[PDB]
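Source file final04.pdb; content: PDB, N, CA and C atoms.
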ATOM      1  N   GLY A 103      97.199 -33.551 -80.539
ATOM      2  CA  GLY A 103      97.571 -33.996 -79.207
ATOM      3  C   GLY A 103      97.956 -32.855 -78.283
ATOM      4  N   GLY A 104      97.838 -31.662 -78.766
ATOM      5  CA  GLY A 104      98.128 -30.500 -77.942
ATOM      6  C   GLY A 104      96.929 -30.014 -77.153
ATOM      7  N   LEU A 105      97.147 -28.917 -76.363
ATOM      8  CA  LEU A 105      96.109 -28.260 -75.577
ATOM      9  C   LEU A 105      95.405 -27.183 -76.397
ATOM     10  N   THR A 106      94.070 -27.195 -76.353
ATOM     11  CA  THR A 106      93.262 -26.218 -77.136
ATOM     12  C   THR A 106      92.370 -25.414 -76.185
ATOM     13  N   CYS A 107      91.958 -24.209 -76.583
ATOM     14  CA  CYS A 107      91.022 -23.435 -75.729
ATOM     15  C   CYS A 107      89.652 -24.120 -75.691
ATOM     16  N   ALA A 108      89.039 -24.231 -74.506
ATOM     17  CA  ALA A 108      87.764 -24.978 -74.374
ATOM     18  C   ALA A 108      86.622 -23.981 -74.204
ATOM     19  N   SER A 109      85.432 -24.428 -73.768
ATOM     20  CA  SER A 109      84.355 -23.442 -73.741
ATOM     21  C   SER A 109      84.531 -22.464 -72.584
ATOM     22  N   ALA A 110      84.133 -21.284 -72.800
ATOM     23  CA  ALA A 110      84.203 -20.248 -71.773
ATOM     24  C   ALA A 110      83.428 -20.659 -70.524
ATOM     25  N   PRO A 111      84.002 -20.391 -69.397
ATOM     26  CA  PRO A 111      83.244 -20.688 -68.179
ATOM     27  C   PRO A 111      81.900 -19.967 -68.128
ATOM     28  N   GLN A 112      80.892 -20.588 -67.550
ATOM     29  CA  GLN A 112      79.539 -20.051 -67.469
ATOM     30  C   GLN A 112      79.338 -19.257 -66.181
ATOM     31  N   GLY A 113      80.238 -19.458 -65.215
ATOM     32  CA  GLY A 113      80.133 -18.763 -63.943
ATOM     33  C   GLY A 113      81.424 -18.772 -63.146
ATOM     34  N   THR A 114      81.474 -17.906 -62.159
ATOM     35  CA  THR A 114      82.614 -17.830 -61.252
ATOM     36  C   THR A 114      82.156 -17.937 -59.801
ATOM     37  N   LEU A 115      82.893 -18.695 -59.021
ATOM     38  CA  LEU A 115      82.699 -18.771 -57.578
ATOM     39  C   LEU A 115      83.903 -18.197 -56.838
ATOM     40  N   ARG A 116      83.679 -17.237 -55.946
ATOM     41  CA  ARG A 116      84.767 -16.687 -55.110
ATOM     42  C   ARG A 116      84.441 -17.061 -53.678
ATOM     43  N   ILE A 117      85.329 -17.782 -53.022
ATOM     44  CA  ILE A 117      85.209 -18.261 -51.650
ATOM     45  C   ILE A 117      86.041 -17.377 -50.722
ATOM     46  N   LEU A 118      85.472 -17.080 -49.558
ATOM     47  CA  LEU A 118      86.221 -16.362 -48.507
ATOM     48  C   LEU A 118      85.679 -16.979 -47.210
ATOM     49  N   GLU A 119      86.405 -16.909 -46.093
ATOM     50  CA  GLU A 119      85.946 -17.470 -44.794
ATOM     51  C   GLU A 119      85.533 -16.328 -43.862
ATOM     52  N   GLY A 120      84.276 -16.297 -43.412
ATOM     53  CA  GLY A 120      83.817 -15.168 -42.578
ATOM     54  C   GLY A 120      83.049 -15.568 -41.326
ATOM     55  N   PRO A 121      83.350 -14.997 -40.138
ATOM     56  CA  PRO A 121      82.580 -15.243 -38.915
ATOM     57  C   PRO A 121      81.456 -14.205 -38.778
ATOM     58  N   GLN A 122      80.581 -14.301 -37.762
ATOM     59  CA  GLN A 122      79.363 -13.439 -37.642
ATOM     60  C   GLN A 122      79.388 -12.443 -36.471
ATOM     61  N   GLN A 123      78.417 -11.513 -36.403
ATOM     62  CA  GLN A 123      78.257 -10.496 -35.373
ATOM     63  C   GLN A 123      77.507 -11.029 -34.152
ATOM     64  N   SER A 124      77.937 -10.645 -32.930
ATOM     65  CA  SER A 124      77.150 -10.970 -31.729
ATOM     66  C   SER A 124      76.109  -9.911 -31.388
ATOM     67  N   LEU A 125      75.427 -10.087 -30.261
ATOM     68  CA  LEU A 125      74.387  -9.140 -29.837
ATOM     69  C   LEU A 125      75.036  -7.821 -29.431
ATOM     70  N   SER A 126      74.371  -6.672 -29.633
ATOM     71  CA  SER A 126      74.893  -5.411 -29.085
ATOM     72  C   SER A 126      74.609  -5.241 -27.598
ATOM     73  N   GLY A 127      75.650  -5.318 -26.768
ATOM     74  CA  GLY A 127      75.508  -5.100 -25.333
ATOM     75  C   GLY A 127      76.089  -3.760 -24.899
ATOM     76  N   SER A 128      77.165  -3.319 -25.545
ATOM     77  CA  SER A 128      77.743  -1.998 -25.329
ATOM     78  C   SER A 128      78.085  -1.752 -23.865
ATOM     79  N   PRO A 129      78.997  -2.586 -23.268
ATOM     80  CA  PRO A 129      79.343  -2.518 -21.845
ATOM     81  C   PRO A 129      80.481  -1.499 -21.804
ATOM     82  N   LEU A 130      80.120  -0.239 -21.621
ATOM     83  CA  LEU A 130      81.078   0.886 -21.709
ATOM     84  C   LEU A 130      82.222   0.888 -20.694
ATOM     85  N   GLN A 131      81.970   0.673 -19.402
ATOM     86  CA  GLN A 131      83.091   0.846 -18.430
ATOM     87  C   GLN A 131      83.006  -0.117 -17.241
ATOM     88  N   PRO A 132      84.136  -0.590 -16.635
ATOM     89  CA  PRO A 132      84.086  -1.413 -15.407
ATOM     90  C   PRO A 132      83.317  -0.609 -14.354
ATOM     91  N   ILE A 133      83.973   0.371 -13.728
ATOM     92  CA  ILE A 133      83.224   1.293 -12.823
ATOM     93  C   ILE A 133      82.908   2.489 -13.725
ATOM     94  N   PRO A 134      81.671   2.629 -14.248
ATOM     95  CA  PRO A 134      81.351   3.656 -15.251
ATOM     96  C   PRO A 134      81.017   5.097 -14.851
ATOM     97  N   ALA A 135      81.078   6.023 -15.818
ATOM     98  CA  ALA A 135      80.708   7.445 -15.597
ATOM     99  C   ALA A 135      81.832   8.159 -14.840
ATOM    100  N   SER A 136      81.671   9.452 -14.553
ATOM    101  CA  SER A 136      82.673  10.138 -13.697
ATOM    102  C   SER A 136      82.060  10.177 -12.296
ATOM    103  N   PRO A 137      82.421   9.271 -11.357
ATOM    104  CA  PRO A 137      81.758   9.236 -10.053
ATOM    105  C   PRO A 137      82.030  10.549  -9.315
ATOM    106  N   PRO A 138      80.994  11.182  -8.732
ATOM    107  CA  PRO A 138      81.160  12.486  -8.092
ATOM    108  C   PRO A 138      81.948  12.577  -6.780
ATOM    109  N   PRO A 139      82.711  13.669  -6.568
ATOM    110  CA  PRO A 139      83.411  13.893  -5.295
ATOM    111  C   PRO A 139      82.324  14.170  -4.250
ATOM    112  N   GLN A 140      82.534  13.789  -2.984
ATOM    113  CA  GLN A 140      81.397  13.939  -2.031
ATOM    114  C   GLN A 140      81.762  14.160  -0.560
ATOM    115  N   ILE A 141      80.747  14.419   0.272
ATOM    116  CA  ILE A 141      80.935  14.781   1.711
ATOM    117  C   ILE A 141      81.419  13.624   2.607
ATOM    118  N   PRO A 142      82.438  13.789   3.504
ATOM    119  CA  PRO A 142      82.785  12.729   4.444
ATOM    120  C   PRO A 142      81.689  12.794   5.518
ATOM    121  N   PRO A 143      81.121  11.657   5.967
ATOM    122  CA  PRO A 143      79.990  11.695   6.903
ATOM    123  C   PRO A 143      80.276  12.357   8.260
ATOM    124  N   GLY A 144      79.347  13.193   8.739
ATOM    125  CA  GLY A 144      79.497  13.888  10.036
ATOM    126  C   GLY A 144      80.521  15.010   9.998
ATOM    127  N   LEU A 145      81.798  14.700   9.736
ATOM    128  CA  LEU A 145      82.895  15.709   9.623
ATOM    129  C   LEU A 145      83.148  16.426  10.953
ATOM    130  N   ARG A 146      82.214  17.281  11.395
ATOM    131  CA  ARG A 146      82.318  18.053  12.670
ATOM    132  C   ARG A 146      83.173  19.299  12.441
ATOM    133  N   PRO A 147      82.944  20.414  13.164
ATOM    134  CA  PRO A 147      83.834  21.571  13.069
ATOM    135  C   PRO A 147      85.202  21.215  13.668
ATOM    136  N   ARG A 148      86.292  21.655  13.032
ATOM    137  CA  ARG A 148      87.656  21.405  13.575
ATOM    138  C   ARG A 148      88.259  22.749  13.985
ATOM    139  N   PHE A 149      87.437  23.641  14.546
ATOM    140  CA  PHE A 149      87.896  25.007  14.921
ATOM    141  C   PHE A 149      86.836  25.680  15.794
ATOM    142  N   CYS A 150      87.277  26.451  16.791
ATOM    143  CA  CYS A 150      86.322  27.194  17.651
ATOM    144  C   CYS A 150      86.808  28.624  17.875
ATOM    145  N   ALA A 151      85.893  29.518  18.248
ATOM    146  CA  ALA A 151      86.260  30.921  18.544
ATOM    147  C   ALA A 151      86.934  31.010  19.908
ATOM    148  N   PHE A 152      87.534  32.164  20.194
ATOM    149  CA  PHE A 152      88.159  32.358  21.523
ATOM    150  C   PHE A 152      87.196  33.086  22.469
ATOM    151  N   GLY A 153      87.016  32.545  23.678
ATOM    152  CA  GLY A 153      86.120  33.158  24.680
ATOM    153  C   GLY A 153      84.910  32.287  24.959
TER     154      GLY A 153
ATOM    155  N   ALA B 249      61.502  25.106  14.119
ATOM    156  CA  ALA B 249      62.342  26.146  13.544
ATOM    157  C   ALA B 249      63.401  26.599  14.533
ATOM    158  N   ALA B 250      63.172  26.347  15.824
ATOM    159  CA  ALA B 250      64.179  26.630  16.837
ATOM    160  C   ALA B 250      65.451  25.831  16.587
ATOM    161  N   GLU B 251      65.314  24.574  16.161
ATOM    162  CA  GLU B 251      66.496  23.755  15.915
ATOM    163  C   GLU B 251      67.232  24.203  14.659
ATOM    164  N   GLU B 252      66.500  24.510  13.582
ATOM    165  CA  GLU B 252      67.156  25.075  12.409
ATOM    166  C   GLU B 252      67.880  26.366  12.764
ATOM    167  N   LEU B 253      67.304  27.163  13.664
ATOM    168  CA  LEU B 253      68.001  28.346  14.153
ATOM    169  C   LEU B 253      69.262  27.962  14.911
ATOM    170  N   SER B 254      69.170  26.945  15.769
ATOM    171  CA  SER B 254      70.310  26.523  16.568
ATOM    172  C   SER B 254      71.403  25.881  15.729
ATOM    173  N   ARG B 255      71.109  25.516  14.483
ATOM    174  CA  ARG B 255      72.134  24.944  13.620
ATOM    175  C   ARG B 255      72.802  25.984  12.732
ATOM    176  N   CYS B 256      72.182  27.146  12.551
ATOM    177  CA  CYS B 256      72.763  28.218  11.753
ATOM    178  C   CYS B 256      73.768  29.056  12.532
ATOM    179  N   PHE B 257      74.140  28.595  13.722
ATOM    180  CA  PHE B 257      75.060  29.366  14.591
ATOM    181  C   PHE B 257      76.107  28.414  15.137
ATOM    182  N   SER B 258      77.170  28.935  15.746
ATOM    183  CA  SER B 258      78.108  27.997  16.395
ATOM    184  C   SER B 258      77.207  27.313  17.390
ATOM    185  N   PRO B 259      77.243  25.985  17.561
ATOM    186  CA  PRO B 259      76.221  25.320  18.391
ATOM    187  C   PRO B 259      75.880  25.778  19.824
ATOM    188  N   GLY B 260      76.803  26.235  20.649
ATOM    189  CA  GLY B 260      76.404  26.739  21.977
ATOM    190  C   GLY B 260      75.582  28.024  22.009
ATOM    191  N   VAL B 261      75.634  28.886  20.992
ATOM    192  CA  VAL B 261      74.999  30.233  21.046
ATOM    193  C   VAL B 261      73.492  30.179  21.249
ATOM    194  N   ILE B 262      72.757  29.365  20.506
ATOM    195  CA  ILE B 262      71.281  29.392  20.663
ATOM    196  C   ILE B 262      70.926  28.122  21.407
ATOM    197  N   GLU B 263      70.517  28.262  22.659
ATOM    198  CA  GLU B 263      70.160  27.107  23.488
ATOM    199  C   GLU B 263      68.664  26.979  23.394
ATOM    200  N   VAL B 264      68.200  25.873  22.849
ATOM    201  CA  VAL B 264      66.780  25.603  22.666
ATOM    202  C   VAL B 264      66.239  25.024  23.968
ATOM    203  N   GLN B 265      65.543  25.831  24.764
ATOM    204  CA  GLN B 265      64.906  25.267  25.984
ATOM    205  C   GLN B 265      63.580  24.603  25.620
ATOM    206  N   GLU B 266      62.846  24.099  26.611
ATOM    207  CA  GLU B 266      61.501  23.496  26.373
ATOM    208  C   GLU B 266      60.533  24.105  27.384
ATOM    209  N   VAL B 267      60.206  25.384  27.224
ATOM    210  CA  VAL B 267      59.390  26.092  28.248
ATOM    211  C   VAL B 267      58.042  25.403  28.402
ATOM    212  N   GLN B 268      57.384  25.075  27.286
ATOM    213  CA  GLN B 268      56.072  24.370  27.326
ATOM    214  C   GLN B 268      56.179  23.066  26.538
ATOM    215  N   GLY B 269      55.055  22.535  26.060
ATOM    216  CA  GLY B 269      55.123  21.352  25.184
ATOM    217  C   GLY B 269      55.918  21.718  23.948
ATOM    218  N   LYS B 270      55.766  22.953  23.474
ATOM    219  CA  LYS B 270      56.535  23.459  22.309
ATOM    220  C   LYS B 270      57.985  23.788  22.709
ATOM    221  N   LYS B 271      58.889  23.935  21.731
ATOM    222  CA  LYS B 271      60.324  24.192  22.006
ATOM    223  C   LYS B 271      60.652  25.643  21.691
ATOM    224  N   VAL B 272      61.266  26.372  22.629
ATOM    225  CA  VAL B 272      61.646  27.799  22.416
ATOM    226  C   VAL B 272      63.157  27.887  22.288
ATOM    227  N   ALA B 273      63.643  28.671  21.328
ATOM    228  CA  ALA B 273      65.097  28.881  21.216
ATOM    229  C   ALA B 273      65.457  30.147  21.955
ATOM    230  N   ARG B 274      66.531  30.094  22.711
ATOM    231  CA  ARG B 274      66.965  31.266  23.516
ATOM    232  C   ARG B 274      68.451  31.547  23.256
ATOM    233  N   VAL B 275      68.915  32.786  23.379
ATOM    234  CA  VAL B 275      70.339  33.061  23.042
ATOM    235  C   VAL B 275      71.170  32.855  24.300
ATOM    236  N   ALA B 276      71.587  31.624  24.560
ATOM    237  CA  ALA B 276      72.310  31.314  25.811
ATOM    238  C   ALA B 276      73.666  32.003  25.960
ATOM    239  N   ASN B 277      74.550  31.900  24.973
ATOM    240  CA  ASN B 277      75.892  32.495  25.142
ATOM    241  C   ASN B 277      76.374  33.179  23.876
ATOM    242  N   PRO B 278      76.130  34.492  23.686
ATOM    243  CA  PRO B 278      76.457  35.139  22.425
ATOM    244  C   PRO B 278      77.943  35.114  22.085
ATOM    245  N   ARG B 279      78.808  34.987  23.079
ATOM    246  CA  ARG B 279      80.273  35.075  22.884
ATOM    247  C   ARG B 279      80.836  33.927  22.053
ATOM    248  N   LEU B 280      80.229  32.748  22.100
ATOM    249  CA  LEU B 280      80.788  31.575  21.387
ATOM    250  C   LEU B 280      80.648  31.786  19.886
ATOM    251  N   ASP B 281      79.776  32.690  19.452
ATOM    252  CA  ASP B 281      79.462  32.818  18.009
ATOM    253  C   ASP B 281      80.642  33.184  17.140
ATOM    254  N   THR B 282      80.780  32.477  16.033
ATOM    255  CA  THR B 282      81.802  32.786  15.015
ATOM    256  C   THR B 282      80.969  33.443  13.929
ATOM    257  N   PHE B 283      81.459  34.471  13.268
ATOM    258  CA  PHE B 283      80.544  35.116  12.306
ATOM    259  C   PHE B 283      80.582  34.280  11.029
ATOM    260  N   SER B 284      79.495  33.587  10.745
ATOM    261  CA  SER B 284      79.432  32.688   9.581
ATOM    262  C   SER B 284      78.216  33.126   8.788
ATOM    263  N   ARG B 285      77.332  33.898   9.399
ATOM    264  CA  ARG B 285      76.216  34.478   8.662
ATOM    265  C   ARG B 285      75.468  33.404   7.882
ATOM    266  N   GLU B 286      75.268  32.251   8.514
ATOM    267  CA  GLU B 286      74.537  31.165   7.879
ATOM    268  C   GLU B 286      73.031  31.268   8.075
ATOM    269  N   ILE B 287      72.570  32.136   8.976
ATOM    270  CA  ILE B 287      71.143  32.428   9.040
ATOM    271  C   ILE B 287      70.697  33.145   7.776
ATOM    272  N   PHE B 288      71.545  34.016   7.233
ATOM    273  CA  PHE B 288      71.219  34.794   6.045
ATOM    274  C   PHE B 288      70.963  33.933   4.819
ATOM    275  N   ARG B 289      71.244  32.634   4.880
ATOM    276  CA  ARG B 289      70.903  31.713   3.807
ATOM    277  C   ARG B 289      69.567  31.030   4.039
ATOM    278  N   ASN B 290      68.885  31.342   5.142
ATOM    279  CA  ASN B 290      67.676  30.625   5.517
ATOM    280  C   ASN B 290      66.417  31.179   4.866
ATOM    281  N   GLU B 291      66.383  32.472   4.543
ATOM    282  CA  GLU B 291      65.316  33.120   3.789
ATOM    283  C   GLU B 291      64.009  33.235   4.563
ATOM    284  N   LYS B 292      63.926  32.697   5.777
ATOM    285  CA  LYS B 292      62.718  32.841   6.577
ATOM    286  C   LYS B 292      63.076  33.254   7.996
ATOM    287  N   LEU B 293      64.314  32.988   8.402
ATOM    288  CA  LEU B 293      64.797  33.361   9.721
ATOM    289  C   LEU B 293      65.834  34.473   9.681
ATOM    290  N   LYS B 294      66.215  34.948   8.494
ATOM    291  CA  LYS B 294      67.034  36.151   8.432
ATOM    292  C   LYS B 294      66.269  37.369   8.924
ATOM    293  N   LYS B 295      64.943  37.278   8.998
ATOM    294  CA  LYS B 295      64.098  38.351   9.494
ATOM    295  C   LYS B 295      63.855  38.262  10.992
ATOM    296  N   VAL B 296      64.263  37.168  11.628
ATOM    297  CA  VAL B 296      63.924  36.923  13.025
ATOM    298  C   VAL B 296      65.067  37.303  13.957
ATOM    299  N   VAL B 297      66.307  37.199  13.492
ATOM    300  CA  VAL B 297      67.485  37.419  14.321
ATOM    301  C   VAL B 297      68.245  38.626  13.797
TER     302      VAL B 297
END

Would you give me this structure, written as structure tokens?
Amino acid sequence: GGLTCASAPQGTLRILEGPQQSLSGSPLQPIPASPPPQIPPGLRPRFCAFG
Amino acid sequence: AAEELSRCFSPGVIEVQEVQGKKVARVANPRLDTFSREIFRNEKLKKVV
């Protein structure tokens, strides 16, 4: 009436919960790159010679 | 090329007249010139002035 060893298991199942990968879009930056410093339009000379 | 010449100088110095259908640049007032030597960057008009 006691507990005895039974037949060895024939296989093992290991369960884990996993989600999946999306598409590669690689959206690097809101406003991207190093935007260049640049000329103010027209500007004009702010200096003249004497005479 | 008269206008490119007139831009390489303080603007009053080279007065571009219109003698004929073509445009001639003339040295109207040499005194206004500031020495900026910007003609010397032109490579084709550094030989003219």

### Message
Only residues of chain B matter here; which ones have an atom within 6.5 Å of chain A, counting all atoms listed in the file? Give them as a ChimeraX atom specification.
### Response
/B:279-282

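Within chain B, the backbone-based DSSP assignment of alpha helix (DSSP H) covers residues 250, 251, 252, 253, 254 and 255 of chain B.
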
### Task
Name all residues at most 8 Å from stretch 283-285 of chain B (count all atoms listed in the file; drop same-chain ones fewer than 5 positions away) and give them as a PyMOL selection string.
(chain A and resi 151) or (chain B and resi 256-258+290)

Hey, can you spit out that residue selection with N, CA and C atoms as a compact mmCIF listing (two decimals), in the frame of the given file?
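Saved file part31.txt follows:
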# COMPACT_ATOMS: atom_id res chain seq x y z
N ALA A 151 85.89 29.52 18.25
CA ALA A 151 86.26 30.92 18.54
C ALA A 151 86.93 31.01 19.91
N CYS B 256 72.18 27.15 12.55
CA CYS B 256 72.76 28.22 11.75
C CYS B 256 73.77 29.06 12.53
N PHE B 257 74.14 28.60 13.72
CA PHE B 257 75.06 29.37 14.59
C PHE B 257 76.11 28.41 15.14
N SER B 258 77.17 28.94 15.75
CA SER B 258 78.11 28.00 16.40
C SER B 258 77.21 27.31 17.39
N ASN B 290 68.89 31.34 5.14
CA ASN B 290 67.68 30.62 5.52
C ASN B 290 66.42 31.18 4.87

### Nearby residues (only C-alpha atoms) at most 10 Å from residue B:265, same-chain spacing under 6 positions excluded, as a list in words
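So the residues in contact are residues 250, 271, 272, 273, 274, 275 and 276 of chain B.
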
Next, write the just-selected residues to a file, as a PDB file, keeping the file's coordinate frame, keeping N, CA and C atoms as the atom set.
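Output (out-v5.pdb):
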ATOM      1  N   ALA B 250      63.172  26.347  15.824  1.00  0.00           N
ATOM      2  CA  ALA B 250      64.179  26.630  16.837  1.00  0.00           C
ATOM      3  C   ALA B 250      65.451  25.831  16.587  1.00  0.00           C
ATOM      4  N   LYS B 271      58.889  23.935  21.731  1.00  0.00           N
ATOM      5  CA  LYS B 271      60.324  24.192  22.006  1.00  0.00           C
ATOM      6  C   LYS B 271      60.652  25.643  21.691  1.00  0.00           C
ATOM      7  N   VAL B 272      61.266  26.372  22.629  1.00  0.00           N
ATOM      8  CA  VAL B 272      61.646  27.799  22.416  1.00  0.00           C
ATOM      9  C   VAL B 272      63.157  27.887  22.288  1.00  0.00           C
ATOM     10  N   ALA B 273      63.643  28.671  21.328  1.00  0.00           N
ATOM     11  CA  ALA B 273      65.097  28.881  21.216  1.00  0.00           C
ATOM     12  C   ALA B 273      65.457  30.147  21.955  1.00  0.00           C
ATOM     13  N   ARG B 274      66.531  30.094  22.711  1.00  0.00           N
ATOM     14  CA  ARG B 274      66.965  31.266  23.516  1.00  0.00           C
ATOM     15  C   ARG B 274      68.451  31.547  23.256  1.00  0.00           C
ATOM     16  N   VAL B 275      68.915  32.786  23.379  1.00  0.00           N
ATOM     17  CA  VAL B 275      70.339  33.061  23.042  1.00  0.00           C
ATOM     18  C   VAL B 275      71.170  32.855  24.300  1.00  0.00           C
ATOM     19  N   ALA B 276      71.587  31.624  24.560  1.00  0.00           N
ATOM     20  CA  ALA B 276      72.310  31.314  25.811  1.00  0.00           C
ATOM     21  C   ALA B 276      73.666  32.003  25.960  1.00  0.00           C
TER      22      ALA B 276
END

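In this structure, atom N of residue B:277 sits 10.8 Å away from atom CA of residue B:254.
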
### Message
To one decimal place in Å, what is the distance between atom CA of residue B:251 and atom CA of residue B:294?
### Response
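Atom CA of residue B:294 lies 14.5 Å from atom CA of residue B:251.
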
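Between atom N of residue B:287 and atom C of residue B:263 the interatomic distance comes to 15.8 Å.
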
I need the residues in chain B that are strand (DSSP E or B) according to DSSP; give them as a PDB file with N, CA and C atoms, in the frame of the given file.
ATOM      1  N   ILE B 262      72.757  29.365  20.506  1.00  0.00           N
ATOM      2  CA  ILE B 262      71.281  29.392  20.663  1.00  0.00           C
ATOM      3  C   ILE B 262      70.926  28.122  21.407  1.00  0.00           C
ATOM      4  N   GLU B 263      70.517  28.262  22.659  1.00  0.00           N
ATOM      5  CA  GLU B 263      70.160  27.107  23.488  1.00  0.00           C
ATOM      6  C   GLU B 263      68.664  26.979  23.394  1.00  0.00           C
ATOM      7  N   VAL B 264      68.200  25.873  22.849  1.00  0.00           N
ATOM      8  CA  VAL B 264      66.780  25.603  22.666  1.00  0.00           C
ATOM      9  C   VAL B 264      66.239  25.024  23.968  1.00  0.00           C
ATOM     10  N   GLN B 265      65.543  25.831  24.764  1.00  0.00           N
ATOM     11  CA  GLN B 265      64.906  25.267  25.984  1.00  0.00           C
ATOM     12  C   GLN B 265      63.580  24.603  25.620  1.00  0.00           C
ATOM     13  N   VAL B 272      61.266  26.372  22.629  1.00  0.00           N
ATOM     14  CA  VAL B 272      61.646  27.799  22.416  1.00  0.00           C
ATOM     15  C   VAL B 272      63.157  27.887  22.288  1.00  0.00           C
ATOM     16  N   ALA B 273      63.643  28.671  21.328  1.00  0.00           N
ATOM     17  CA  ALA B 273      65.097  28.881  21.216  1.00  0.00           C
ATOM     18  C   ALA B 273      65.457  30.147  21.955  1.00  0.00           C
ATOM     19  N   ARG B 274      66.531  30.094  22.711  1.00  0.00           N
ATOM     20  CA  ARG B 274      66.965  31.266  23.516  1.00  0.00           C
ATOM     21  C   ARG B 274      68.451  31.547  23.256  1.00  0.00           C
ATOM     22  N   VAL B 275      68.915  32.786  23.379  1.00  0.00           N
ATOM     23  CA  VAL B 275      70.339  33.061  23.042  1.00  0.00           C
ATOM     24  C   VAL B 275      71.170  32.855  24.300  1.00  0.00           C
TER      25      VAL B 275
END

### Task
Have a look at B:259, B:253, B:278, B:266 and name the one nearest to residue B:295; count only C-alpha atoms.
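Under the stated criterion, the closest residue is B:253.
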
Start from the incomplete input, build N, CA, C and O atoms for stretch 130-143 of chain A, and deliver everything as a short mmCIF file (atom, residue, chain, number, x, y, z; two decimals), in the frame of the given file.
data_model
loop_
_atom_site.label_atom_id
_atom_site.label_comp_id
_atom_site.auth_asym_id
_atom_site.auth_seq_id
_atom_site.Cartn_x
_atom_site.Cartn_y
_atom_site.Cartn_z
N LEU A 130 80.12 -0.24 -21.62
CA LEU A 130 81.08 0.89 -21.71
C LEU A 130 82.22 0.89 -20.69
O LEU A 130 83.36 1.09 -21.14
N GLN A 131 81.97 0.67 -19.40
CA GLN A 131 83.09 0.85 -18.43
C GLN A 131 83.01 -0.12 -17.24
O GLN A 131 81.88 -0.49 -16.87
N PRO A 132 84.14 -0.59 -16.64
CA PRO A 132 84.09 -1.41 -15.41
C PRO A 132 83.32 -0.61 -14.35
O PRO A 132 82.17 -0.94 -14.10
N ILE A 133 83.97 0.37 -13.73
CA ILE A 133 83.22 1.29 -12.82
C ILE A 133 82.91 2.49 -13.72
O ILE A 133 83.83 3.29 -14.00
N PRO A 134 81.67 2.63 -14.25
CA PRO A 134 81.35 3.66 -15.25
C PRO A 134 81.02 5.10 -14.85
O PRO A 134 80.79 5.31 -13.67
N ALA A 135 81.08 6.02 -15.82
CA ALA A 135 80.71 7.44 -15.60
C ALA A 135 81.83 8.16 -14.84
O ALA A 135 82.86 7.51 -14.56
N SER A 136 81.67 9.45 -14.55
CA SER A 136 82.67 10.14 -13.70
C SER A 136 82.06 10.18 -12.30
O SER A 136 81.22 11.06 -12.06
N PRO A 137 82.42 9.27 -11.36
CA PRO A 137 81.76 9.24 -10.05
C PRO A 137 82.03 10.55 -9.32
O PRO A 137 83.17 10.99 -9.27
N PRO A 138 80.99 11.18 -8.73
CA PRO A 138 81.16 12.49 -8.09
C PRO A 138 81.95 12.58 -6.78
O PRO A 138 81.87 11.67 -5.97
N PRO A 139 82.71 13.67 -6.57
CA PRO A 139 83.41 13.89 -5.30
C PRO A 139 82.32 14.17 -4.25
O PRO A 139 81.32 14.76 -4.62
N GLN A 140 82.53 13.79 -2.98
CA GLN A 140 81.40 13.94 -2.03
C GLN A 140 81.76 14.16 -0.56
O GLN A 140 82.96 14.08 -0.22
N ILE A 141 80.75 14.42 0.27
CA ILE A 141 80.94 14.78 1.71
C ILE A 141 81.42 13.62 2.61
O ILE A 141 80.84 12.53 2.48
N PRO A 142 82.44 13.79 3.50
CA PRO A 142 82.78 12.73 4.44
C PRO A 142 81.69 12.79 5.52
O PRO A 142 81.34 13.88 5.94
N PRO A 143 81.12 11.66 5.97
CA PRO A 143 79.99 11.70 6.90
C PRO A 143 80.28 12.36 8.26
O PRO A 143 81.32 12.08 8.83
#
